[PDB]
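Asker: Have a look at this one before I ask anything.
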Amino acid sequence: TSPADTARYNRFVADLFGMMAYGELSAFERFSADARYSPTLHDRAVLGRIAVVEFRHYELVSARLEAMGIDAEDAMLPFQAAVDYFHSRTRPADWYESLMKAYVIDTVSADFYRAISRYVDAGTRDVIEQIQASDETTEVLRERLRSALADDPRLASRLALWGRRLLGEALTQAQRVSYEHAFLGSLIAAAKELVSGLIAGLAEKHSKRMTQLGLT
Amino acid sequence: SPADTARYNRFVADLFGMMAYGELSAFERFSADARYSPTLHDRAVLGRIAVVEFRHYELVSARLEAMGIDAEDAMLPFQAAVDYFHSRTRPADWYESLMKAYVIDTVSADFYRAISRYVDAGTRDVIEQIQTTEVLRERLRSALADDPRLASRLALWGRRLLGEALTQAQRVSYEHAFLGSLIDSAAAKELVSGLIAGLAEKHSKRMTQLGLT
């Protein structure tokens, strides 16, 4: 390994953090806006809480980028169109779809972090484990979803569709990002295929989770 | 007496209910103004402001919980008024958002300084933790220095904000009055009008300092 090899590896880690930071900022924006539409006053804080956690992650990743001597905004820019597009294609119709979107984005991101944690250094891994969603955090959203599905029979069929839509749109953008501006295959053409194996693993865990909400 | 204590605690509960709901609401509205951010760096600007609001809401709701009051119950009476104020003051651009954040943060800080002396120590401490303004002020001041057209428009926006707030303060005095107690239900109503009038005066001086009519 040469200083050039390491310098390059550090820049791909910067791409990863950049994508993350932008994902987190957007998720904060979306969840916070979505929170206003909650069916009860009791539920208002549900999405506001994950919104704040997301902004906290954004700030931690942003600071890491600066510490690496990298400009946060510059590192984020390349992923802005793809992240914005995904959200524009996953506009929730109501607060239950918002809740579901928060859950799906929370669980898939946590899976991804456990996946890529093996291919990065201990210091990058360290930042990822700080951001990584707790079991109990995710269970709070899951339980609120279960409860909603238990109370309304018309809900399941609509959220099952939505679940499938969220997966499709996130898979479409994952592939656009690996085509249009790749860093993942370099951290993981033949390397792009390893990236697909990771992506499919995420799809598979999402699907087990949908079944456990009694969704197809 | 344990009776007067109970009475006073119900009004401190009303105060925190209002504060918690306003802060929760501020969190949501300040964060929604993200479509206007001029740059990507500016997205973090309203975001941090909004997150501070949510943390205040959590601090105030925790206090209500420590008194054995459901936050929701305490907040409900102020929902209609606070929601109304916000629907009548939706910013149409970046600067109107900043201006609203600035006006709410400055007016509310004056409010806390006005009532602090009248509440117990445990309540004063919550308020004191609830008490970044120059960051907003210098954003606005530097914008108005480089764009004179903004002046007349933000001046109108400033007034609309003041008018819509005052109307709810007045409504909340008849609908669910608690403030006159914390500071004879005739002289109580007067003291609250003097308190409100003083918040308006400080607001108008702040508008002058920003160079607005």
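Asker: Given R₀ = 41 Å, FRET efficiency for residue B:73-residue A:81 by Cβ-Cβ distance, to 0.05? Working shown, then result.
Answerer: Working: r = 45 Å, r/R0 = 1.10.
My answer for the efficiency is 0.35.
Asker: Counting only other chains, and only Cβ atoms inside 10 Å, what mean value do you get across the residues of B:30-42?
Answerer: 3
Asker: If I model a spin label at residue B:189 and residue B:121 as a point 7 Å from the Cα along the Cα→Cβ vector, what separation in nanometres do I get?
Answerer: Here the modelled spin labels are 3.6 nm apart.
Asker: Going Cα to Cα from residue B:202, which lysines come in below 18 Å? Please leave out same-chain ones fewer than 8 positions away.
Answerer: Correct list for residue B:202: B:100.
Asker: Give me a comma-separated list of calculated 3J(HN,Hα) values for the range B:188-195, in order, Karplus coefficients 6.51, -1.76, 1.60 applied at θ = phi - 60°, integers in Hz, x for any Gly or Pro.
Answerer: In residue order, the calculated couplings are 6, 4, 5, 4, 6, 5, x, 5 Hz.
Asker: Starting from 0 in steps of 20 Å, tell me what percent of the Cα-Cα pairs of the protein assembly as shown lands in each bin.
Answerer: Values per bin, smallest distances first: 23, 50, 25, 3, 0.
Asker: Separate question: Quick check: pseudo-label points 7 Å beyond the Cα along Cα→Cβ at residue A:130 and residue B:209, how many nm apart are they?
Answerer: Output for this residue pair reads 3.6 nm.
Asker: Just tell me which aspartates and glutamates come within less than 14 Å, Cα to Cα, of residue B:205; anything on the same chain fewer than 8 places away is out.
Answerer: Here the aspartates and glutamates satisfying the reach criterion relative to residue B:205 are B:110.
Asker: Sort A:12, B:54 so that the residue with the fewest other Cβ atoms within 10 Å of its own Cβ comes first and the one with the most comes last.
Answerer: Listing A:12, B:54 from fewest to most nearby Cβ atoms yields A:12, B:54.
Asker: For residue A:42, what charge total do you get from the other residues with a beta carbon under 11 Å from its beta carbon, if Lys and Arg give +1 and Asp and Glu give -1? Mind showing how you got there, number by number?
Answerer: Details: positive: A:44, A:144; negative: A:43, B:70, B:72, B:73.
Local charge sum for residue A:42: -2.
Asker: Rule-of-thumb check for chain B: C-alpha Rg over 2.2 N^0.38 Å?
Answerer: 1.05
Only the coordinates and a few stated rules stand behind these numbers; no lab work does. Note that we place each Cβ from the backbone using ideal geometry, even for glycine, and neighbour counts take in every protein chain shown.
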